C-alpha cells in the first residue's frame, strides 16, 4: 500500500482521508489535528492514527483523553506522500518542511499556484503532474468549472467563457462567518480569481465574476461559452452525460435548487451524503448560435475529493492513463 498522510483533518481533509482509505492501492497511515475536539475523537473511532500539528500541543490531547500517535513530524517519516488540507496559506508554509523531509505532497486550491508551481485537475491535465513532486488540486469552484468546460473544449473548441459564480458564504459547520443577509462582490475588482485558476489546468480564454450570498449548501455557476464549432442542445447533453463526474438534473423532476440537489444527495447514501459530481440543470442548456448557456452547481465540501485520489496516482506514478485512475477512483467511491 502507498502510505498516505493527511495533514489537516478538516472539511476537505476528513473526506480525503476516507476516499484514500476506500481505494485498493492506498491506505491512510495518519491524519493530523491542532485541537482536541469531536473530529479528533471521530478520527480514532474511524480507525485512523491521530497525529498533532506541533509537539507542544500534544499535552492538550492527552488532557482531553484523546490517544495521540505522535506529531506531524513523526507522521511524515512514515508516508509515501502527504495530502495537505490545512487552511489557505499554511500549505505553502508546510512545503519547506515537506522538502526538508524529502516527502512529496498534494495541496488544495486555497494555496497559490506559483507557491506550488503546478496545478491539477484529473480530466484536464493529469499528465502534467505525473512523476512530479508537488501539485495543487484546484479549488472547489475551479474544479466545478473544469468538469464541464473541458469536455466542451474538446468537442466544440472554446473561444471564450464568461461565468458568474454565486458563492456560498460558509460551510455548514462554520457558524462564525457571514453574511447573514447580504450579497457581496468577491471581489469588486474584476475579473475574479476563478478565471486564472482555470487557466492553470485548462488553456482557454475565460473571465469570471463572483459574489457571496447567505447560503451554506452549494455554489452555483452561470456559464456562457462561445465555441468554434456550432453545437446543438442534444449534442451538449450527450457530452455531459458521457463525461465523468458530471450528472444532469431536472427542475421538472423536483431539483429546482441547491437545497433539493443536496436532498437528492442524501437519498444516494454515500459518505456524509456528499455530492462529488457536478450537476447541470438539463433545462438550462441553451444554444444561441455559437454560444452555449447553462447553469450548474458545486458541492464545495466534496467535489475536489476524487481529484485528490487521482492526484496521488499521478504524483507517485501509479497509473499513467488518467481515465484508468478516474474510473478506479469512482468505483471505490461509488461515484455516480
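Positions refer to the first chain, counted from 1.
On average the C-alpha atoms of 23-31 have higher B-factors than those of the other stretch, with 283-291 and 23-31 being the two compared. Averaged over their C-alpha atoms, the temperature factors of 127-135 and 194-202 are higher for 127-135. Of the candidates 305, 69, 311, 275, the deposited coordinates give 69 the top C-alpha B factor.
Taking the deposited Cα B-factors for 207, 171, 77, 260, the highest one is held by 77.
Sort the chain's modelled residues by C-alpha temperature factor and residue 86 lands in the middle third, per the entry. Residue 97: CA B factor lies in the highest third for its chain, per the PDB record.
When the modelled residues of the chain are ordered by their C-alpha B factor, residue 228 lands in the highest third. In the deposited entry, the Cα temperature factor of residue 246 places it in the lowest third of its chain's modelled residues. Split the chain's modelled residues into thirds by C-alpha temperature factor. Residue 147 is in the lowest one.
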